[PDB]
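First, one chain by itself in structure tokens, the form deposited in one PDB entry.
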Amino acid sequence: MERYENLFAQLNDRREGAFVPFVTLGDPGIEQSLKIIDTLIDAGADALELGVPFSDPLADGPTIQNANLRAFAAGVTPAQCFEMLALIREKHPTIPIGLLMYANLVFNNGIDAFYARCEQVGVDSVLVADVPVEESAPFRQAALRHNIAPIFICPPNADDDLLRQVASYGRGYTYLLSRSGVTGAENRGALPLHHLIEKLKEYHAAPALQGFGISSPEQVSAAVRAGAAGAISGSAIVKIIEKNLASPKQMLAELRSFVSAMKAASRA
């Protein structure tokens, strides 16, 4: 979790918000995915959210469903994802790395062993999409024992009990959901609810990153203006991969321009 703490202290010193891209590991292939991630970082990503391909990603819309499918077509497994994570960390010692997991992949052959593998490879956080705080005990306990931040979700209609639980249980950052529904660039989320941002701060929650439907620099600026510590964009980034499958070079150039623009918006 320390890599997030250091990042947010640095960004606070610079009076800056974070921009955090999501991609699926191994989409469209291992070697291209590694180059994609190097391009995201070089373009100014403050941290990464990285998906391990899962057969049935129920919090994800078609764009990221299709990313998962491409990774599987390339034969990507969780073991190969961990091989990729080692390589990424070896090149980039300080960038925070969060994984986006589905429960079955964590539970599969032992929750403890999963978080141990995360620590061994130098992952900083794990967000298990289909484990609400109510079912989280063994996941968050295993995370903290292995110095991994467990990430929890503050939905738009979060009540006070939930705000207090999320503030107490989570580390690294708090996920501030922009809207109901599944991941998707087309479905734009609302402005960060200021009262949630303010309540999380009151309860000493990990800093908030807004996500779901954040696809333009204007939304990034609005998120930081509203008091969030930054923003996550996934589908918008993945659409650039999908659009440019036949043009690996154009893919990277377009990823670079987009990420640069998104990051610049976080300085506002």
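Residues that one form lacks are left out of the comparison. Counting begins at 1, following the sequence as shown. The term rigid core refers to the maximal set of C-alpha atoms that superpose within 1.5 Å between the two forms.
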Across the other PDB entries of this protein that model residues on both sides of residue 80, is it left without coordinates in at least a third of them?
no
Flanks modelled, residue 186 absent in at least a third of other entries
yes
Could you settle it for me: does 21-29 or 8-16 have the higher average Cα B factor in the PDB entry?
8-16
122-130 versus 194-202 - greater average Cα B-factor per the deposited record
194-202
Determine which member of 89, 188, 146, 140 has the highest CA B-factor, using the values in the deposited entry.
188
Peak C-alpha temperature factor (PDB record), options 184, 93, 150, 156:
156
Position of residue 178 among the chain's modelled residues by C-alpha B-factor, lowest, middle or highest third
middle
Which third, lowest, middle or highest, does the C-alpha temperature factor of residue 68 belong to within its own chain?
lowest
State the tercile, meaning the lowest, middle or highest third, of residue 238 with respect to the CA B-factors recorded for its chain.
middle
Quick tally, chain-level thirds of C-alpha B-factors: residue 216 sits in the middle
Residue 78: CA B-factor among chain residues, third -> middle
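FYI, the form deposited in another entry isn't displayed, but the following is about it.
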Tell me, with the core superposed, which single residue in 222, 41, 59, 30 has its C-alpha moved by at least 2 Å between this form and the one not shown.
59
After fitting the rigid core, is the C-alpha of residue 107 off by 2 Å or more between this form and the one not shown?
yes
Once the rigid core is superposed, list every run of three or more consecutive common residues with all C-alpha shifts of 2 angstroms or more between this form and the one not shown, in sequence order.
55-60, 106-108, 189-192
